[PDB]
Amino acid sequence: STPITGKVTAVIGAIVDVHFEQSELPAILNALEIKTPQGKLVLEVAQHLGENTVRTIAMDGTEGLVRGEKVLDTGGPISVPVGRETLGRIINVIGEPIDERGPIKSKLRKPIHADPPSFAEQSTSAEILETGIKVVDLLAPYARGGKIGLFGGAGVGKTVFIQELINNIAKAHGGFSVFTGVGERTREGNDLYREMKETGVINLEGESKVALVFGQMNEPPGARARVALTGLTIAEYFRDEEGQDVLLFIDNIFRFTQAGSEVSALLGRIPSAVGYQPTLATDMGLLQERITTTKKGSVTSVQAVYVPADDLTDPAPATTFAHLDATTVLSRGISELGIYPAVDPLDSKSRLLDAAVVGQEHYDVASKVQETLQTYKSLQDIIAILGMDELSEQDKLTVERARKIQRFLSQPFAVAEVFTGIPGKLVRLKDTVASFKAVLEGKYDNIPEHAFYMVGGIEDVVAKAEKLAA
Amino acid sequence: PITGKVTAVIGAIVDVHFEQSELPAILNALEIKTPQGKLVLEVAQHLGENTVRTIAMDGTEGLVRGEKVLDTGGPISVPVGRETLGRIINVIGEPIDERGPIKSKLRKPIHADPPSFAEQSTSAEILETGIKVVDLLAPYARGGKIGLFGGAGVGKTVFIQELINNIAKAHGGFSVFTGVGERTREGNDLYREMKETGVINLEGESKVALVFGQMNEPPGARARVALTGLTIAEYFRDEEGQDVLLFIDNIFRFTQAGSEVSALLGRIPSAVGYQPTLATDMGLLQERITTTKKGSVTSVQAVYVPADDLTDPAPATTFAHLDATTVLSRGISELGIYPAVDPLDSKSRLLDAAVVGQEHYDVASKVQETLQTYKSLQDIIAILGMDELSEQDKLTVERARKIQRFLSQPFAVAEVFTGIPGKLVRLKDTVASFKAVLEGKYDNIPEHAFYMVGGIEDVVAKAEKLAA
Amino acid sequence: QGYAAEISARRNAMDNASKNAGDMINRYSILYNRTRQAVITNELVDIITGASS
Amino acid sequence: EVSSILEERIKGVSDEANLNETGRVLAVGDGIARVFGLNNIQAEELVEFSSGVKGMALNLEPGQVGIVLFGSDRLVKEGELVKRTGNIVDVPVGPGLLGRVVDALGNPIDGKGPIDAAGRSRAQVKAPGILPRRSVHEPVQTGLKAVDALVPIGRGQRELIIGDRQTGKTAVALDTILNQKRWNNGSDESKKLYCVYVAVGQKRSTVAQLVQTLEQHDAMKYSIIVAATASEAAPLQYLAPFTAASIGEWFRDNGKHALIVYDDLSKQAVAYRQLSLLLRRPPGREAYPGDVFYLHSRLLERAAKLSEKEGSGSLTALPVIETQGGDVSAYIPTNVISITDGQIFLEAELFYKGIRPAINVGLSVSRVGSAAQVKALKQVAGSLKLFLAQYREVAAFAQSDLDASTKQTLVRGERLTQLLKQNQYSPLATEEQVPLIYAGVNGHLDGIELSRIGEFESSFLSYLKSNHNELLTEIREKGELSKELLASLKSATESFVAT
């Protein structure tokens with residue numbers, strides 16, 4: 001035993017190995033602070049290599065380091081500050097305020113690693129969020145306490161969707177929400193901070209019903225990995241100690257997988273499939289299992305996912321695909337069709353979407369939509385060469401209906417006024433079920449196909465029919 | 001007295017440290033006495049410093065580093081003899097038929113040198129096969145490897161059984177059905193079926209000897225089962241003179257097993273993940289099988305092509321060894337023909353004119369041309385209509401449908417199963433039969449008088465009976 | 001006379017089309033198979049390179 | 001009292017004896033403690049750390065013994081005493097595990113109190129041989145008409161449930177469990193399959209749903225849910241099917257019948273991959289461990305229909321494999337497909353086209369199949385196989401000027417396809433399977449309008465129950481359709497069609 005001090009031995013990258021002095025043994029997943037000209041560099045202890053030489057991962061950029069630099073151990077996982085004093089503050093990974101409102105007044109601190117609640121403890125009920133977004137409402141309604149997943153690839157108007165979602169769902173629901181950005185662009189960051197100041201959710205006077213944890217992709221690979229873990233604990237404080245339902249939001253969780261893949265490599269692990277971490281499954285699993293509805297709070301994650309090269313068969317999106325309760329896929333093709341939301345109707349699925357859950361009427365209407373669209377997709381190849389006049393008569397009407405339904409899915413966003421000009425239409429759930437039903441029944445099969453495009457419910461379609469009529 | 005203590009058990013790769021100047025040779029067999037009886041480890045490297053690296057043949061469960069080991073002194077020596085006929089034997093050469101210890105005279109190492117160039121027989125000769133189809137369109141050959149293709153659903157098992165019966169009649173031979181990585185479920189069926197078909201008659205005599213390799217057996221034992229089987233065959237051939245035919249089940253599972261053992265040994269797998277020893281491992285197996293002066297093995301193998309890919313390395317290496325292919329098909333079985341052999345896809349490389357006799361070759365060629373034309377004709381016969389196609393064409397159709405029927409043979413083995421007396425047709429009479437049909441001497445006799453008959457002589461009878 | 005010839009021509013033409021398509025199936029099957037082997041090999045090489053280190 | 005239970009627990013601690021082999025961790029990284037000590041360790045023996053973490057010893061190296069931590073790395077630290085539990089991985093097996101949701105260790109994760117068990121048996125026990133089995137001859141009805149007729153399911157046999165991701169694969173399986181309630185209710189041990197559902201890598205939210213559905217359908221009283229959740233670590237995930245199998249083996253050993261559903265071996269694969277890669281063991285194809293074939297084969301060969309010398313018993317199994325983009329080409333699917341004896345291939349397109357169960361008849365096969373089909377059901381559904389086969393071929397002809405023959409096929413085929421739709425989580429008794437299929441076979445359903453097929457079905461059943469539940473009771477009990485029954489049944493269908 002001697003005062004806890006470590007000497008750097010090798011800076012090989014983010015991996016920096018420290019040589020703590022004999023008989024004091026630092027512990028796996030401790031947090032080291034190294035006093036540096038730029039703050040305290042935090043190194044997360046991740047392996048012991050024996051002889052009191054640990055191998056730790058950096059969380060802040062590593063440069064200028066001199067092999068031998070004294071390393072204090074703050075012990076255990078990185079300890080954030082938690083409170084309702086974290087509401088309306090942007091908290092960087094190590095925990096420092098990057099909202100520059102000076103020190104966050106810490107009530108309690110918590111570790112950034114915590115074991116997910118056990119099966120007996122974990123109590124999860126099926127309750128239904130109302131999104132008011134028609135494609136979402138009918139074909140994959142979202143559920144409170146869920147693990148909603150905004151799967152999409154490159155440029156699926158991912159941000160636009162999220163802006164709408166926060167605008168509708170977040171503001172609408174009480175409790176708390178936690179907005180976490182994992183490894184995203186500072187263009188996206190600056191907009192998200194600004195937008196939620198603008199919507200006043202981040203109300204600079206009075207409480208904000210959201211906290212922010214912005215981790216951006218400029219941060220080291222290491223920092224990118226444990227920004228997610230950090231955010232989760234803020235949500236846990238809300239879930240547990242404040243008891244309230246949490247409407248957690250994380251963005252983009254492919255960046256979380258990706259980050260982990262990088263530090264696996266740096267940790268020197270043998271690369272797994274498509275270079276992803278061998279610990280990918282358990283790491284994904286650890287994050288998701290931690291996020292849940294307990295007998296206390298109901299944490300409702302809405303997680304953006306970026307699907308590389310629109311291959312959702314790639315192991316990283318595919319692994320995430322399983323763990324998420326209420327999937328939403330936004331597809332490039334549908335985007336090009338001009339349908340906003342760009343949600344692909346065939347591929348969007350949510351566990352709650354069963355007659356016993358969302359009601360027989362809702363179910364039946366949606367069943368009619370799903371089959372019609374699927375038939376239409378099947379017929380497209382046939383239509384391509386042979387033409388429309390070689391199919392059955394029934395099919396020709398089904399195609400006409402499908403085309404009407406297809407553009408009924410284009411329901412303008414209220415935040416796409418900014419990007420374009422289209423005024424959003426927040427169409428009620430009861431009303432949406434009704435609106436789709438009518439079309440399918442052929443009650444508005446006298447109305448032109450193009451009058452379903454970029455308008456809301458049936459009521460809007462009738463008005464839009466008049467608009468085309470004039 | 002060569003004994004050593006286990007000094008690693010990393011995976012199923014067990015390194016044993018032996019006391020000085022008492023170091024096993026590569027390919028020795030080590031036996032570790034266990035509450036599992038014995039665990040047989042085969043030395044596949046010497047790691048030096050009086051330590052070795054070995055592979056396992058039984059599960060490596062609960063081993064304690066420090067277990068006493070005993071060195072056999074060479075490759076596992078498995079019992080051989082006519083005694084060992086009708087005994088299911090596991091890889092380690094011990095009864096799994098549970099009819100008690102196998103009585104045996106001599107035992108012989110599982111690895112055995114492939115017969116010398118001097119011992120080679122100058123030119124391959126036909127192996128008579130009771131199935132008429134085999135003897136016409138793709139004859140077997142003594143020494144050769146004739147690869148059965150098409151799995152069960154063609155009556156594969158009955159076909160395999162038929163061959164066992166036929167060899168016993170044909171020469172007087174024996175057989176050994178060796179199943180490499182066979183499903184244990186399938187193995188149960190085979191044993192039950194073989195007992196039922198009396199090919200194995202424990203009370204009686206058992207032609208076929210069984211070596212069954214279950215998938216549960218560790219990859220090392222999966223790899224070695226084939227070589228063990230081969231030794232048995234070689235005892236019959238070399239040391240009892242009897243020509244034998246050694247069946248192998250999926251030779252894909254031979255390859256697959258070999259790939260695993262390589263990877264376990266830490267040898268970098270080659271393209272499409274197939275062992276660096278891919279050529280050599282097939283090479284040892286498929287050159288031991290050959291035509292000796294003493295006797296000849298002939299081997300029928302089942303090739304479970306991986307993902308119906310023929311350009312995969314495992315098939316490519318397999319096809320190199322193969323001499324003929326018998327291509328059983330379910331379509332054929334759906335035309336009610338058992339034999340299930342697809343005549344247009346069955347091909348042999350010892351179909352060669354010189355080899356099979358010029359007359360035989362010419363007869364076969366005519367039958368092949370007829371069948372080839374028949375198929376093409378049936379395509380447009382269906383669409384256009386039979387009578388809407390030439391007199392010459394319907395002469396061919398007429399001839400063909402009779403040949404197609406003539407192929408059928410009610411198997412001797414399945415005399416019990418179908419109830420129909422067996423038919424075993426001798427090679428000369430096979431040639432004779434097709435000659436007569438080619439000259440259309442029986443091209444008066446109706447089509448269904450040829451259904452499920454034997455030779456030419458037989459269908460004289462059926463013509464009479466059809467009338468009666 | 002014409003209409004019968006036209007529909008007949010379509011039958012003939014579509015038959016020849018199927019044949020042409022079949023040939024392309026076979027050609028692309030070989031391409032698929034080759035590509036399949038290559039993917040396994042190329043991926044394997046990456047794994048090996050890592051293991052070697 | 002809360003005081004009394006705590007008092008009992010403190011009282012239940014008392015003394016110890018010599019810790020046979022200590023270890024000191026040399027280095028712990030990646031859940032791979034490398035321990036100095038444990039000289040006489042048995043392979044894959046359970047070892048207990050200071051932190052109380054348990055481990056297995058996959059690598060017994062020439063001077064270090066590479067323990068794999070079952071727990072999180074956080075709790076273990078270098079130089080720790082590593083006590084040797086001295087018992088190779090074994091799990092309690094017995095009769096009490098019915099209606100107990102247990103994790104791999106056997107600890108009730110639902111807190112249904114200490115396990116009542118008749119043995120603790122090793123999880124590495126090797127399968128019964130060639131001669132210790134006797135060929136399948138006992139059906140297992142799943143209450144799914146399509147499964148029972150199109151791909152009949154026996155006992156001790158294994159068939160895949162290989163299909164596209166999250167097509168409610170678990171739902172297709174769960175239905176089978178529900179149908180086992182009917183047979184279970186009976187007293188005959190012949191009629192008792194004690195199902196075991198093995199939830200591998202499944203999120204706790206999913207297991208909550210599983211638990212509630214099983215409780216709701218009163219299924220727990222022949223169910224065991226071995227739970228290895230997503231959070232649970234890679235040793236547990238690896239040993240989870242092995243552990244489960246041992247539980248099944250006890251039932252099998254008692255000569256009873258049971259059905260063990262391994263869902264999904266794809267996550268088992270991932271766990272072995274994690275273990276091997278982290279233990280630096282030679283990697284292999286598709287970055288799955290070199291011996292992954294060996295792992296899957298070991299598990300899947302445990303399932304066996306035992307011999308009469310071993311007092312015929314079974315351990316029917318139904319592995320579930322999740323296909324990634326429907327790639328049967330993929331290494332883990334190819335291996336499993338080879339090992340298994342039959343496959344059932346659920347297909348996403350069908351699901352979308354509203355066919356639920358979304359089983360694709362073409363890509364479903366059974367290699368045991370009709371050998372264990374109910375005789376009655378066999379009789380009335382040979383025709384069905386052929387009709388559907390034709391319907392598939394004549395499917396593309398559904399685009400005008402269509403032959404009368406093709407049109408006949410289409411009408412019959414469309415109605416059949418509609419008939420084979422079923423509302424998931426409602427199983428259907430064999431005595432009610434047999435009538436519906438008979439109608440379809442006799443083509444009386446061809447006349448019934450497509451839209452009205454659903455209404456027809458329930459009506460026919462109620463009509464049969466009113467008209468003659470004697471016939472139904474006869475069908476159930478005789479199990480073999482006599483000419484008089486087939487006569488009466490045709491009449492009944494005609495009569496029903498008339499109304």
# chains A, B, ... in the order shown; residues from 1 in each chain; ligands from 1
>>> residues_around(residues="residue 43 in chain C", least_positions_apart="5", cutoff="12 Å", atoms="only C-alpha atoms", output="number ranges by chain")
A: 271-275; B: 270-273; C: 36-38, 48-50; D: 284-288
>>> interface_residues(of="chain D", to="chain A", cutoff="9 Å", atoms="only C-alpha atoms", output="MDAnalysis selection string")
chainID D and resid 25:30 73:79 109:111 165:166 201:209 229:234 267 270:271 273:275 277:278 280 283 286:288 324:325 349 352:354 398:400
>>> residues_around(residues="range 369-377 of chain B", least_positions_apart="2", cutoff="7 Å", atoms="only C-alpha atoms", output="PyMOL selection string")
chain B and resi 344+365-367+379-381+396-397+400
>>> interface_residues(of="chain D", to="chain B", cutoff="8 Å", atoms="only C-alpha atoms", output="VMD selection string")
chain D and resid 39 to 45 58 to 62 88 124 126 to 127 129 to 131 133 to 135 282 284 to 285 290 to 291 294 297 to 298 301 304 329 334 339
>>> select_by_dssp(residues="range 119-270 of chain B", states="strand (DSSP E or B)", output="NGL selection string")
:B and (126-127 or 140-141 or 145-149 or 174-182 or 208-214 or 244-250)
>>> select_by_dssp(residues="range 178-238 of chain A", states="helix (DSSP H, G or I)", output="PyMOL selection string")
chain A and resi 186-198+221-225+227-238
>>> write_last_selection(atoms="C-alpha atoms", output="CSV table (one decimal), in the first residue's frame")
chain,number,residue,atom,x,y,z
A,186,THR,CA,-22.7,19.4,-34.4
A,187,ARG,CA,-24.9,20.6,-37.2
A,188,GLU,CA,-27.5,18.2,-35.9
A,189,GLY,CA,-26.6,19.1,-32.3
A,190,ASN,CA,-27.0,22.9,-32.8
A,191,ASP,CA,-30.4,22.4,-34.4
A,192,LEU,CA,-31.6,20.0,-31.7
A,193,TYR,CA,-30.6,22.4,-28.8
A,194,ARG,CA,-32.0,25.3,-30.7
A,195,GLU,CA,-35.3,23.6,-31.6
A,196,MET,CA,-36.1,22.5,-28.2
A,197,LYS,CA,-35.3,26.0,-26.8
A,198,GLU,CA,-37.6,27.3,-29.5
A,221,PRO,CA,-14.0,6.5,-29.7
A,222,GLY,CA,-14.1,5.8,-26.0
A,223,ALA,CA,-16.1,8.7,-25.2
A,224,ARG,CA,-18.6,7.8,-27.8
A,225,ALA,CA,-19.0,4.4,-26.2
A,227,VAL,CA,-22.0,8.5,-23.5
A,228,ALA,CA,-24.9,6.2,-23.9
A,229,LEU,CA,-24.3,4.6,-20.5
A,230,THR,CA,-24.1,8.0,-19.0
A,231,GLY,CA,-27.5,9.0,-20.4
A,232,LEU,CA,-29.2,5.9,-19.3
A,233,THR,CA,-28.3,6.6,-15.7
A,234,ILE,CA,-30.0,10.1,-15.9
A,235,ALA,CA,-33.1,8.3,-17.0
A,236,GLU,CA,-32.8,5.7,-14.2
A,237,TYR,CA,-32.8,8.6,-11.6
A,238,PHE,CA,-36.0,9.8,-13.1
>>> interface_residues(of="chain C", to="chain D", cutoff="8 Å", atoms="only C-alpha atoms", output="ChimeraX atom specification")
/C:40,43-44,47,51
>>> write_last_selection(atoms="N, CA and C atoms", output="PDB file, in the first residue's frame")
ATOM      1  N   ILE C  40     -17.066 -15.771 -49.007  1.00  0.00           N
ATOM      2  CA  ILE C  40     -16.618 -16.565 -47.900  1.00  0.00           C
ATOM      3  C   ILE C  40     -15.134 -16.425 -47.773  1.00  0.00           C
ATOM      4  N   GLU C  43     -13.913 -12.701 -46.698  1.00  0.00           N
ATOM      5  CA  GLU C  43     -14.199 -12.504 -45.304  1.00  0.00           C
ATOM      6  C   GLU C  43     -13.268 -13.283 -44.448  1.00  0.00           C
ATOM      7  N   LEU C  44     -12.955 -14.522 -44.879  1.00  0.00           N
ATOM      8  CA  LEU C  44     -12.114 -15.405 -44.129  1.00  0.00           C
ATOM      9  C   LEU C  44     -10.763 -14.810 -44.022  1.00  0.00           C
ATOM     10  N   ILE C  47     -10.485 -12.251 -41.290  1.00  0.00           N
ATOM     11  CA  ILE C  47     -10.469 -12.863 -39.986  1.00  0.00           C
ATOM     12  C   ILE C  47      -9.100 -13.400 -39.705  1.00  0.00           C
ATOM     13  N   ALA C  51      -6.299 -12.697 -36.772  1.00  0.00           N
ATOM     14  CA  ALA C  51      -5.900 -13.754 -35.880  1.00  0.00           C
ATOM     15  C   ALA C  51      -4.405 -13.878 -35.835  1.00  0.00           C
TER      16      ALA C  51
END
>>> atom_distance(atom1="CA of residue 45 in chain C", atom2="CA of residue 31 in chain D")
27.3 Å
>>> closest_residue(among="C:31, C:9, C:24, C:14", to="chain A", atoms="only C-alpha atoms")
C:14
>>> residues_around(residues="residue 126 in chain B", least_positions_apart="5", cutoff="8 Å", atoms="only C-alpha atoms", output="ChimeraX atom specification")
/B:139-142,356
>>> write_last_selection(atoms="N, CA and C atoms", output="tab-separated table (two decimals), in the first residue's frame")
chain	number	residue	atom	x	y	z
B	139	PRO	N	-21.55	-48.56	-65.67
B	139	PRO	CA	-21.15	-49.74	-64.94
B	139	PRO	C	-20.26	-49.41	-63.77
B	140	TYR	N	-20.29	-50.24	-62.70
B	140	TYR	CA	-19.39	-50.11	-61.58
B	140	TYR	C	-18.10	-50.76	-62.02
B	141	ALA	N	-17.04	-50.66	-61.21
B	141	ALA	CA	-15.75	-51.15	-61.59
B	141	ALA	C	-15.11	-51.53	-60.31
B	142	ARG	N	-14.26	-52.57	-60.34
B	142	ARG	CA	-13.67	-53.11	-59.14
B	142	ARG	C	-12.50	-52.22	-58.87
B	356	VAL	N	-15.58	-51.06	-71.85
B	356	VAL	CA	-16.83	-51.76	-71.62
B	356	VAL	C	-17.14	-52.70	-72.74
>>> residues_around(residues="range 339-341 of chain B", least_positions_apart="2", cutoff="12 Å", atoms="only C-alpha atoms", output="number ranges by chain")
B: 130-138, 148-160, 162-163, 325-337, 343-347, 404-412, 414, 451-454
>>> atom_distance(atom1="CA of residue 456 in chain A", atom2="CA of residue 408 in chain A")
7.4 Å
>>> closest_residue(among="D:320, D:372, D:346, D:82", to="residue 55 in chain D", atoms="only C-alpha atoms")
D:82
>>> residues_around(residues="range 415-419 of chain B", least_positions_apart="6", cutoff="10 Å", atoms="only C-alpha atoms", output="ChimeraX atom specification")
/B:158,196-198
>>> residues_around(residues="range 154-163 of chain D", least_positions_apart="4", cutoff="8 Å", atoms="only C-alpha atoms", output="VMD selection string")
chain D and resid 136 to 140 167 169 257 300 303 to 306 314 to 323 326 337 340 to 347 366 368 to 369 371 to 373
>>> write_last_selection(atoms="N, CA, C and O atoms", output="compact mmCIF listing (two decimals), in the first residue's frame")
# COMPACT_ATOMS: atom_id res chain seq x y z
N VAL D 136 -39.96 -43.51 -34.24
CA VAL D 136 -41.04 -42.63 -33.88
C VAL D 136 -42.33 -43.25 -34.30
O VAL D 136 -42.39 -43.91 -35.33
N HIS D 137 -43.40 -43.12 -33.48
CA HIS D 137 -44.64 -43.78 -33.77
C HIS D 137 -45.71 -43.12 -32.96
O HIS D 137 -46.81 -43.65 -32.87
N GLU D 138 -45.43 -41.94 -32.37
CA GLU D 138 -46.36 -41.30 -31.48
C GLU D 138 -46.52 -39.88 -31.98
O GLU D 138 -45.54 -39.16 -31.97
N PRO D 139 -47.67 -39.42 -32.44
CA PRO D 139 -47.87 -38.03 -32.81
C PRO D 139 -47.79 -37.09 -31.64
O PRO D 139 -47.99 -37.52 -30.51
N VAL D 140 -47.62 -35.79 -31.96
CA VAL D 140 -47.76 -34.68 -31.05
C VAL D 140 -48.50 -33.72 -31.90
O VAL D 140 -48.01 -33.27 -32.92
N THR D 167 -41.04 -12.57 -36.87
CA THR D 167 -42.28 -12.81 -37.56
C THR D 167 -43.15 -13.47 -36.54
O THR D 167 -44.02 -14.27 -36.88
N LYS D 169 -42.08 -15.56 -34.26
CA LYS D 169 -41.64 -16.92 -34.41
C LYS D 169 -42.07 -17.63 -33.19
O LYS D 169 -42.67 -18.70 -33.25
N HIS D 257 -43.05 -38.11 -21.78
CA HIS D 257 -42.86 -37.47 -23.05
C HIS D 257 -42.77 -36.04 -22.67
O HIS D 257 -43.12 -35.68 -21.55
N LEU D 300 -28.48 -30.91 -30.44
CA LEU D 300 -29.60 -31.38 -31.20
C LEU D 300 -29.68 -32.87 -31.24
O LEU D 300 -30.70 -33.40 -31.67
N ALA D 303 -32.13 -34.97 -28.18
CA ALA D 303 -33.51 -35.31 -28.46
C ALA D 303 -33.67 -36.68 -29.05
O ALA D 303 -33.07 -36.99 -30.08
N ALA D 304 -34.47 -37.55 -28.39
CA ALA D 304 -34.50 -38.94 -28.73
C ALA D 304 -35.80 -39.56 -28.34
O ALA D 304 -36.28 -39.34 -27.23
N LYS D 305 -36.28 -40.52 -29.17
CA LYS D 305 -37.47 -41.29 -28.89
C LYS D 305 -36.88 -42.58 -28.42
O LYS D 305 -36.27 -43.30 -29.21
N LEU D 306 -37.04 -42.94 -27.14
CA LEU D 306 -36.26 -44.00 -26.56
C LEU D 306 -36.85 -45.32 -26.94
O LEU D 306 -37.97 -45.41 -27.44
N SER D 314 -39.59 -39.96 -24.62
CA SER D 314 -39.23 -39.15 -25.74
C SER D 314 -38.79 -37.86 -25.18
O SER D 314 -38.93 -37.59 -23.99
N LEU D 315 -38.23 -37.04 -26.07
CA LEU D 315 -37.85 -35.71 -25.77
C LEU D 315 -37.91 -35.13 -27.12
O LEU D 315 -36.90 -35.04 -27.82
N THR D 316 -39.14 -34.79 -27.56
CA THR D 316 -39.44 -34.11 -28.80
C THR D 316 -38.79 -32.77 -28.72
O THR D 316 -38.70 -32.22 -27.63
N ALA D 317 -38.28 -32.23 -29.85
CA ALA D 317 -37.62 -30.96 -29.81
C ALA D 317 -37.99 -30.18 -31.03
O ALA D 317 -38.37 -30.75 -32.04
N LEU D 318 -37.91 -28.84 -30.93
CA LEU D 318 -38.32 -27.96 -31.98
C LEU D 318 -37.38 -26.80 -31.99
O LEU D 318 -37.77 -25.74 -31.50
N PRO D 319 -36.19 -26.86 -32.55
CA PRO D 319 -35.26 -25.73 -32.52
C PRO D 319 -35.80 -24.60 -33.36
O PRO D 319 -36.49 -24.87 -34.34
N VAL D 320 -35.51 -23.33 -33.00
CA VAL D 320 -35.96 -22.16 -33.69
C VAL D 320 -34.72 -21.48 -34.16
O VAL D 320 -33.82 -21.26 -33.35
N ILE D 321 -34.63 -21.11 -35.45
CA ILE D 321 -33.47 -20.47 -36.02
C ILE D 321 -34.02 -19.27 -36.71
O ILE D 321 -35.04 -19.33 -37.39
N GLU D 322 -33.34 -18.13 -36.57
CA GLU D 322 -33.80 -16.87 -37.05
C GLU D 322 -32.95 -16.63 -38.24
O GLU D 322 -31.74 -16.58 -38.11
N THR D 323 -33.55 -16.39 -39.42
CA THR D 323 -32.77 -16.27 -40.62
C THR D 323 -32.59 -14.81 -40.79
O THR D 323 -33.49 -14.03 -40.50
N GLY D 326 -33.41 -14.12 -44.65
CA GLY D 326 -33.93 -15.33 -45.23
C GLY D 326 -32.84 -16.16 -45.82
O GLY D 326 -33.09 -16.93 -46.75
N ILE D 337 -29.65 -26.85 -40.39
CA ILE D 337 -30.55 -27.45 -41.34
C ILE D 337 -30.09 -28.85 -41.60
O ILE D 337 -30.90 -29.77 -41.66
N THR D 340 -30.79 -31.14 -38.32
CA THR D 340 -32.17 -31.42 -38.01
C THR D 340 -32.78 -32.37 -38.99
O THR D 340 -32.15 -32.72 -39.98
N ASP D 341 -33.99 -32.87 -38.67
CA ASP D 341 -34.69 -33.86 -39.45
C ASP D 341 -36.03 -33.28 -39.82
O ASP D 341 -37.05 -33.67 -39.27
N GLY D 342 -36.06 -32.35 -40.81
CA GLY D 342 -37.26 -31.62 -41.17
C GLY D 342 -37.02 -30.18 -40.85
O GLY D 342 -36.07 -29.86 -40.14
N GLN D 343 -37.82 -29.28 -41.46
CA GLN D 343 -37.74 -27.86 -41.25
C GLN D 343 -39.14 -27.39 -41.42
O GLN D 343 -39.93 -27.99 -42.13
N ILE D 344 -39.49 -26.27 -40.77
CA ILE D 344 -40.74 -25.60 -41.02
C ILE D 344 -40.21 -24.24 -41.30
O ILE D 344 -39.36 -23.75 -40.55
N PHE D 345 -40.62 -23.65 -42.44
CA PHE D 345 -40.06 -22.41 -42.89
C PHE D 345 -41.16 -21.42 -43.00
O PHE D 345 -41.91 -21.40 -43.97
N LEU D 346 -41.19 -20.48 -42.03
CA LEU D 346 -42.17 -19.42 -41.95
C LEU D 346 -41.67 -18.42 -42.94
O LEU D 346 -40.46 -18.31 -43.14
N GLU D 347 -42.58 -17.66 -43.57
CA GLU D 347 -42.20 -16.79 -44.66
C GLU D 347 -42.93 -15.50 -44.50
O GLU D 347 -44.15 -15.45 -44.35
N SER D 366 -40.91 -32.43 -43.60
CA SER D 366 -40.67 -33.20 -42.42
C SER D 366 -40.07 -34.46 -42.92
O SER D 366 -40.58 -35.04 -43.87
N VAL D 368 -39.66 -37.04 -40.87
CA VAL D 368 -40.28 -38.06 -40.08
C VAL D 368 -41.70 -37.99 -40.50
O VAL D 368 -42.30 -39.01 -40.84
N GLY D 369 -42.26 -36.76 -40.49
CA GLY D 369 -43.51 -36.36 -41.07
C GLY D 369 -44.67 -37.27 -40.80
O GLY D 369 -45.05 -37.47 -39.65
N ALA D 371 -45.21 -40.31 -40.79
CA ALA D 371 -45.03 -41.48 -39.98
C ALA D 371 -45.73 -41.36 -38.65
O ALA D 371 -46.22 -42.35 -38.12
N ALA D 372 -45.75 -40.15 -38.07
CA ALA D 372 -46.48 -39.89 -36.87
C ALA D 372 -47.54 -38.87 -37.15
O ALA D 372 -47.51 -37.77 -36.62
N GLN D 373 -48.55 -39.27 -37.95
CA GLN D 373 -49.71 -38.46 -38.23
C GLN D 373 -50.80 -39.32 -37.68
O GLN D 373 -50.70 -40.54 -37.69
